[PDB]
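J.:
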Amino acid sequence: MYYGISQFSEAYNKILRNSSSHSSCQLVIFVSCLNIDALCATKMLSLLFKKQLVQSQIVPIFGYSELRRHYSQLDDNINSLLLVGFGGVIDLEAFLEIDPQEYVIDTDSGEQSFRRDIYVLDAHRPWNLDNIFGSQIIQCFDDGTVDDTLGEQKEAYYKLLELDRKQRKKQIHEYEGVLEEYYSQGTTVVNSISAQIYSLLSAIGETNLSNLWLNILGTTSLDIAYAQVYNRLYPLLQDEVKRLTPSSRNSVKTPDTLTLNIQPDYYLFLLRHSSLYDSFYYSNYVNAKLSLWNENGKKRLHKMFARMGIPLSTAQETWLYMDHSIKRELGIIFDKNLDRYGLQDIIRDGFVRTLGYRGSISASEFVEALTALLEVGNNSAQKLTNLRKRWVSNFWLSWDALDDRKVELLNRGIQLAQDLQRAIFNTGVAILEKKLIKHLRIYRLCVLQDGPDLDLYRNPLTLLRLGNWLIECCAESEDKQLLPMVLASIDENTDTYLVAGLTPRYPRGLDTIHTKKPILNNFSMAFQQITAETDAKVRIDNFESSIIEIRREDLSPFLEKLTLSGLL
Amino acid sequence: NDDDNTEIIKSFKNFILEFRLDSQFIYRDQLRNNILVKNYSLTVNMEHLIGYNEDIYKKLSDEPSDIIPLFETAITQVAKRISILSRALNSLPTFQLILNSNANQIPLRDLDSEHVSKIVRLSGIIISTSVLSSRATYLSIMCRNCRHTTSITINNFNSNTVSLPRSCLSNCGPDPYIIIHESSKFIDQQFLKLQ
Amino acid sequence: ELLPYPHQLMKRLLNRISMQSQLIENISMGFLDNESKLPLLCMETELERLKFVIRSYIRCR
Amino acid sequence: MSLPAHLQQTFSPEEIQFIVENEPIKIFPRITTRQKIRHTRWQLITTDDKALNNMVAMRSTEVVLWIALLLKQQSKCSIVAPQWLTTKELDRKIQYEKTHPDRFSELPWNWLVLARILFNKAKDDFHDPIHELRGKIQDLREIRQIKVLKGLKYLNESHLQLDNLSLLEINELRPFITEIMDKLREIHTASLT
Amino acid sequence: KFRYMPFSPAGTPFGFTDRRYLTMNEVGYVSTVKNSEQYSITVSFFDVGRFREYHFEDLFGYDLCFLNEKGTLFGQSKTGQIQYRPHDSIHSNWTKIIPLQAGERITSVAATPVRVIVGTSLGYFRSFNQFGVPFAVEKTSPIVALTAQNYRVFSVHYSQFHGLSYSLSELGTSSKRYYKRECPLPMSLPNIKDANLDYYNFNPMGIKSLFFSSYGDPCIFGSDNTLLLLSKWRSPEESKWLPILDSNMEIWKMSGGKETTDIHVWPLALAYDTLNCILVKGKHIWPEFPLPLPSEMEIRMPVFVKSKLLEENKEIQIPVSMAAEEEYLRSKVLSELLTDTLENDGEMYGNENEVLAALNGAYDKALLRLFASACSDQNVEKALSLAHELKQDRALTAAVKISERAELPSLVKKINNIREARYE
Amino acid sequence: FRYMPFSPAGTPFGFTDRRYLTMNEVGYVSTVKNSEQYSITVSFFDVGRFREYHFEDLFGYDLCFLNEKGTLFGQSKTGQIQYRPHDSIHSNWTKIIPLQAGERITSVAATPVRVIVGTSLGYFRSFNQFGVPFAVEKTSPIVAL
Amino acid sequence: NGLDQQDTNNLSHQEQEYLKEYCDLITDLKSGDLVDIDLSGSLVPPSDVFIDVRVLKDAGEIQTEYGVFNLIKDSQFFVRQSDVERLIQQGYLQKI
Ligand SMILES: [Zn+2]
């Protein structure tokens, strides 16, 4: 239990006193690129530091070897380095290859002072104890929830540390078996980074409306990946809202006034700022429920729209341009109709915030815009470095968009989200009509060879969104069971395939006990195993293990090995 | 309802006077601009109107034909309030409204028998432009035998035109109020044709 | 038209700027060896403000 | 160069802001700088730090503006609104201005800049709702401009007087006014023998 | 008769809004809102450097909360539960539940670094240590409120049989001892328009708040809204309560003749020089969750006459005579209190002696202005009396100057004789 | 409680058009109401020590206190306090006390050292014999003084 | 030259050494007295000493007075105003 939940504030104060130098910066921030919750946490830290006026440098990273080379670039004087949700499971110290004896100042009683102290907050679940406990330089923020449950694993690891006889040999072997038990497990997340960050803020008491707002945004970002985690944290967020609701009730809206509400939200992207028809149209859950990919999906969509009695031309016109006379009544109309279609689970309460007369924006809409700006804000390895630079640039653009004044940039991200949803829909319907999915009863396999936007698709987040859409489509087809989702995309500029291994996911609203148990991404372990022997020159530098870049020619033997692999 | 109409006018002026972004009331800004260069015209975005108050925008959409003259009167009163000293007809020409919709554009083709007297957004290419045609903003008349002279301020927001006054109106005839086209104030109109 | 130069005034000002500068230096070096460093930053901000004013005056002259 | 032409002609709005920052202001502390009889002093040449050594959280303290803004950025300072800033005073000034088109009201010249800065930062500490204050000060600005316009009708080659005009407006007006005024003076001098 | 609803110092009634303040103190302000299942406790501080906000939850929904520089208390009267949290919180928080009879209610609870104070509507009184050990249980008259300092503790008791009684206790580090024991309390209960009734539902006794000043002397604030100040409580016999505030009269000064009922005030603490307190522009006689900035009010006695100041008006015009009266009385009382504080405890921040001397100079200036007024009255006895009150030889020279300006020489030579009297 | 003002050894007006404000060993003040003004017959038990005098009172001072240093007249509702020395070698000074809302003077006191006012709201007012307010205190409603 | 047509072709010789010696004179003004203030100091009033700046171009580490600072491409950095100003003079920083 390296960092207790309550001891988070103590660690924070220790970091302060280590870097308590207004004259000289002793803090560096390292953040995983392409993570919304990471961006929210970085905003949190930035506001906290500007409260403390502590000098600091903020760096976005996407690659693990990038982290290593940057660390090499880093000056030793920097006593404060923060890691956001990346590499926690992998032994970063082993990945860093540090000597604590070099780092320790005044070992003696025993205290461990290092000229660089690196504090790691990770969202990944496996949470390697040797990573947590091997080095005191490695400072891991611990939710406790994994840690206490790891008590058996932690004591087994401690025993392994002690023992470096047949009875002791078999005890050590049993401990190793336990290790493999929590090993070979697909990493996930149960804690939105924003959540425990805001918890630490509450421990410090510096929470404002924005802090809670950004925590809401990060959790909303997590929602698709782990719906149940979002649902569990949802009452906590609502209660904190009540804690921070202004006393004034139903005051007349004025430009100065800013309000955040907890009101029913409909699982339609950009619903307020897009139309009704389109919001239904590219909604992955709506598509999967209605099979909108096929023509009969469109037929059923028209049937249900007429069932609400909404005129068509009214439906394809934007929600904001809708007359309020119908807009107020919409919710009860869905209540009457969605159930008849079974589409009622889409209605759920959400957080929508407005300022002045700009309008109300769903947190879901916000995270969609952020993801869009990340995706399309802007030799072969050098080209990949250029793409990493552009992705860092998109990260900075999204960072900037989080600022209130950049409402225009937020609208740009909105437009990018519309375009990306459109393109993802086109690609998905294209592959579905052509049946480009080829399930091998070990994993449903689809590959990207033709069609445009492969440059867009090779951007990892675009591939992830398409994967989420297709997982939703397959899951809503309960006829076929959950199977691993493997997807491979080509870039002719690199002339090599891009692969992401997506774990199967239950459909939303699946509260059954068998659906309560989450699925672990076996794809990661298969990739690690392939890298271990007979590697096809894949790239794992990316902070996501599932996403892997492979030679296009070498992907076919990779599939052969995947068929050979039994862990899939 | 005339008092209610005046209340709606007051609501619209509350819109324009207390709609700001970043402390900036763009409407008074364009107002003072059109005062400096005397263009009695005002530009407004309906998205802003919805953001400030949906209800006024909805009332607009219900029957813009008569909502617009009330808005013009409100803008004229606002200009009188701002650009003229307190306690200091045709003294100040009425401002006219300019709007940008950004909604969908129904094609010129396939326009419905519906949408009559309804605000619409379209696009097309001009094939012809008409010469200017004045329009009686203010009308000056006299009751002929009765000699009663009266003022009329007709707006181009109906249908077709308002018929000439009938009866004496304080027999003088079915149209005693003979128009004296000197005090009467006119504004030019131009006819357009879109392909 | 250029005004007379109150030489005594500005020389006293320069003495003040100096002594403030060495004072800030001492505070900085002592920190290199109170918890709230904000009064030091207030000193620095005052110094910057006055130096900016002096620069403006000199450039104008 | 030594000095850009635009700068020497008139004081920039940022220079006005600096000057206003040099003004003192009433605030409330959130720190007891007083040390119990039962650290580091501010030691400012430009301003007596003895007051600065003497703050106690939530007590009557007057400090120069810029340090107040600096600490208000931090959570440790609470600002006090001026008495003229009160909505009742604003309404009285509005009524005065409407009553007396000839002249202006005795506003504290820096009031415009003060209002700007406080709206930027002190939005929280306004007891009165901020938006109404913004509207009222905007209206006062408009009325002052209009009163200027009538004065422009009465521009003279001999004497120009401005009793109660704010520092901001006079600064922004000085280039054009001086150009016109000196041109008239040159014309008259040429007329004279 | 008496509802005996529990009272917290300047606590905000629950009101229509779910959020509500529990207790207002200079150390910090505490509010809470029920989450529809339980109330959300937040511990907010006026001085951020002293302490950092920690906000948490309790299914108990503690009826009252006490806080001080060392620790904070949370009491639920109906359940008798008491929760303690050190403000530094380095020590573990401990929570107990007091015994109580059927229907017993805890009116108020107080905390000190030396002892922990328990006071119920039944009048049962419990003393506890900072760690949870009960010092003793003892029987007292029911108490409307409690007043606690580091070691100074003031107790005020009420019984419809006993009326209003109050005792002052100086516990110190040890060897607790009472300056006063159940002294009858002079205070005007509100007479038995919706807001005050709601407050009585919250606090029937109608007292807004009760606390110690900046120098720690008692400060009773009630429905009269005119706080009373206790004089020389160090001397028991000499101690007496003096009117120190004219709230409604100061409002009439501020209102300028137009009394407004929306004005309500809650002094979180009393600075010796002037009152620090907060006001409302609204019907509520309790503050609102968005915390307004407290406005420091000058402390003044209600010696002013409504009719006389109305004549002055016909922004409130004050006679230099009557203003001089009020200010020299203020100088006298403040000088006496400050000197007595220097006696029993000395100087809190060193500056006390010179501000006291400046106060003496202001008082002498006041006396000399009164001497000028007496010269206008042209009465030798008044001038002689003023000469007696004068405490400076140079002030006596000033009196000589005033008398010769008034041209009566008999007063001049009497002042001279007073001077030779004062020399030795 | 009704809290009507009290004067030592006073007599209610009642049916009689005349009454005693206060019966004191130094003197007995008998007085009559004229229905527009309050005629006062300030009678002294020792005329040689203080010659009898009697002046009409327009105010109608409800409470009267008399002692060898001076006779004091106060109207409870108005709050104005009138003093006259029995020796009368000093001026007959007159002042007015501040009054709270509905505050009334319950009792009157006169002393050569000081002048004390007893009111309904329990305020104690320390004045000198010349009218200078030495101190002001608030306590329980002082019915008697 | 004071805040930090570089080519002299647009410029004749005489005026070339004129400007060179004028720059030397400016340095002399900086030299000796008045060294405390920057003779070519920013004429904008200083708003805030501590500001966060993203690195416009990657140029490695550059030494400040006391704090190490690496110019890693597009990296936020919230520090005092002197260093950020001087790097803006070279333009290696941006966005304020
Ligand atoms: Zn007629």
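Residue numbers (UniProt numbering), protein chains in the order written: chain A, 1 to 108, 111 to 166, 223 to 436, 461 to 650; chain B, 20 to 107, 129 to 199, 203 to 213, 235 to 259; chain C, 75 to 107, 120 to 147; chain D, 1 to 38, 47 to 201; chain E, 473 to 664, 670 to 791, 814 to 923; chain F, 474 to 618; chain G, 105 to 108, 117 to 208. Note that beta-carbon positions come from the ideal geometry of N, C-alpha and C, so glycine has one too.
#1: With a CB to CB cut of under 7 Å and the five nearest residues on each side skipped, what residues in its chain are close to residue 839 of chain E?
#2: Does ligand 1 have a heavy atom nearer than 8 Å to the CB of residue 100 of chain D?
#3: DSSP puts residue 60 of chain A in a beta bridge; with which residues?
#4: Find the nearest neighbour of residue 258 of chain B within the set B:168, B:238, B:189, B:241, judged by alpha-carbon distance.
#5: Run through DSSP, which three-state label would residue 136 of chain B get?
#6: Name the residues in the stretch 27-38 of chain B whose C-beta lies less than 8 Å from a C-beta of chain D; which are they?
#7: Hey, which residues come within less than 6 Å of ligand 1, measuring from Cβ to any heavy atom, in chain order?
#8: Just how far apart, CA to CA, sit residue 775 of chain E and residue 6 of chain A?
#9: Per DSSP, what kind of secondary structure is residue 569 of chain E in: helix, strand or coil?
#10: If you measure between the beta carbons of residue 117 of chain D and residue 160 of chain D, is that distance less than 9 Å?
#11: Among the residues of its own chain, which have a CB less than 8 Å from the CB of residue 476 of chain A, if the five just before and after it don't count?
#12: Let me know if residue 50 of chain B comes out buried or exposed under the rule of 16 or more other beta-carbons within 10 Å of its beta-carbon.
#13: Please return the same chain residues whose Cβ sits closer than 6 Å to the Cβ of residue 899 of chain E, not counting the five positions on each side in sequence.
#14: Apply the 10 Å Cβ neighbour rule to residue 9 of chain B and answer buried if 16 or more other Cβ atoms are within range, or exposed otherwise.
#15: For residue 766 of chain E, I'd like the list of residues in its chain whose CB is within less than 6 Å of its CB, leaving aside the five on either flank, ordered along the chain.
#16: Looking at chain A, is there any beta carbon in it that lies within less than 9 Å of the beta carbon of residue 164 of chain G?
#17: Short of 7 Å in beta carbon distance, which residues of its chain neighbour residue 166 of chain B, apart from the five on each side in sequence? Order them along the chain.
#18: Just to check my reading of the structure: residue 583 of chain E and residue 531 of chain E have Cβ atoms closer than 8 Å, yes? What is that Cβ distance to the nearest angstrom?
#19: Check whether the Cβ of residue 130 of chain G lies closer than 9 Å to any Cβ atom in chain C.
#20: DSSP three-state call for residue 44 of chain A: helix, strand or coil?
#21: Secondary structure at residue 143 of chain D, three-state DSSP: helix, strand or coil?
#22: Find out if the Cβ-Cβ distance for the pair residue 172 of chain D, residue 111 of chain D is shorter than 9 Å.
#23: With 8 Å as the limit, tell me which residues of the stretch 625-639 of chain E have their beta carbon closer than that to any beta carbon of chain F; keep them in chain order.
#24: Could you give the first and the last residue of the continuous beta strand (DSSP E) run that contains residue 419 of chain A?
#25: Starting from the C-beta of residue 617 of chain E, find all residues in its chain whose C-beta is less than 6 Å away, skip the five residues before and the five after it, and write them out in chain order.
#26: Would you mind telling me which residues of chain A sit closer than 9 Å to residue 177 of chain G, beta carbon to beta carbon, in chain order?
#27: Can you list, in chain order, the residues of the stretch 129-161 of chain G whose Cβ is nearer than 7 Å to any Cβ on chain D?
#28: Compile a chain-ordered list of the residues in the stretch 764-784 of chain E whose CB is closer than 8 Å to at least one CB of chain F.
#29: As a quick exercise: from A:356, A:575, A:649, A:542, pick the residue whose alpha carbon is nearest that of residue 622 of chain A.
#30: Does DSSP classify residue 67 of chain B as helix, strand or coil?
#31: Mind checking if residue 521 of chain E is an interface residue toward chain D, Cβ cutoff 9 Å exclusive?
#32: Would you decide whether residue 245 of chain B is buried or exposed? Buried here means 16 or more other CB atoms lie within 10 Å of its CB.
#33: What is the DSSP secondary structure of residue 581 of chain F, counted as helix, strand or coil?
#34: Measuring CB to CB, does residue 279 of chain A end up less than 9 Å from residue 37 of chain A?
T.: Straight from the coordinates:
#1: Cβ neighbours of residue 839 of chain E within its own chain (closer than 7 Å, five residues either side excluded): 709, 711.
#2: Exclusion of residue 100 of chain D from the 8 Å shell around ligand 1 follows from its C-beta lying no nearer than that to any non-hydrogen atom of the ligand.
#3: According to DSSP, which records beta bridges pairwise, residue 60 of chain A is partnered with A:31.
#4: Of B:168, B:238, B:189, B:241, the residue nearest in Cα terms is B:168.
#5: Strand, per DSSP.
#6: Answer set for the stretch 27-38 of chain B: 36, 37.
#7: For ligand 1, the selected residues are B:183, B:186, B:188, B:211, B:236, B:240.
#8: Just so you know, the alpha carbons of residue 775 of chain E and residue 6 of chain A end up roughly 45 Å apart.
#9: It is a strand residue.
#10: Taking 9 Å as the Cβ cut-off, residue 117 of chain D and residue 160 of chain D do not qualify as a contacting pair.
#11: Closer than 8 Å at the Cβ level, and outside the excluded window around residue 476 of chain A, lie 431, 432, 433, 434, 435, 436.
#12: Within 10 angstroms of the beta-carbon of residue 50 of chain B lie 16 or more other beta-carbons, which makes it buried.
#13: For residue 899 of chain E, the CB contacts under 6 Å within the same chain, skipping 5 residues up- and downstream, are 911, 914 in chain order.
#14: Since the first and last residues shown for chain B are 20 and 259, residue 9 of chain B lies out of range.
#15: These residues qualify, in order along the chain: 491.
#16: Interface criterion met: the Cβ of residue 164 of chain G is under 9 Å from a Cβ in chain A.
#17: Cβ neighbours of residue 166 of chain B beyond the five flanking positions: 256, 257, 258.
#18: Incorrect: roughly 22 Å between the Cβ atoms, too far for contact.
#19: Judged by the 9 Å Cβ criterion, residue 130 of chain G is not in contact with chain C.
#20: In the structure shown, residue 44 of chain A sits in a helix (DSSP, three-state: H, G or I).
#21: If DSSP states are grouped into helix, strand and coil, residue 143 of chain D belongs with the helices.
#22: Taking 9 Å as the Cβ cut-off, residue 172 of chain D and residue 111 of chain D qualify as a contacting pair.
#23: Within the stretch 625-639 of chain E, no residue qualifies.
#24: Counting along the chain, the beta strand (DSSP E) containing residue 419 of chain A begins and ends at 417-420.
#25: Cβ neighbours of residue 617 of chain E beyond the five flanking positions: 479, 580, 628, 687.
#26: Within chain A, the residues 23, 24 have their CB atoms less than 9 Å from the CB of residue 177 of chain G, given in chain order.
#27: From the stretch 129-161 of chain G, only 155, 156, 157 have a Cβ closer than 7 Å to chain D.
#28: If the cut-off is 8 Å between Cβ atoms, the stretch 764-784 of chain E has 778, 779, 780, 781, 782, 783, 784 near chain F.
#29: It is A:542 whose Cα lies nearest to the Cα of residue 622 of chain A.
#30: Here residue 67 of chain B sits in helix by DSSP.
#31: Yes, residue 521 of chain E lies at the interface with chain D (some Cβ there is under 9 Å from its Cβ).
#32: By the neighbour-count criterion, in which a residue is buried when 16 or more other Cβ atoms sit within 10 angstroms of its Cβ, residue 245 of chain B is exposed.
#33: Note: residue 581 of chain F maps to strand in three-state DSSP.
#34: Cβ atoms of residue 279 of chain A and residue 37 of chain A: closer than 9 Å.
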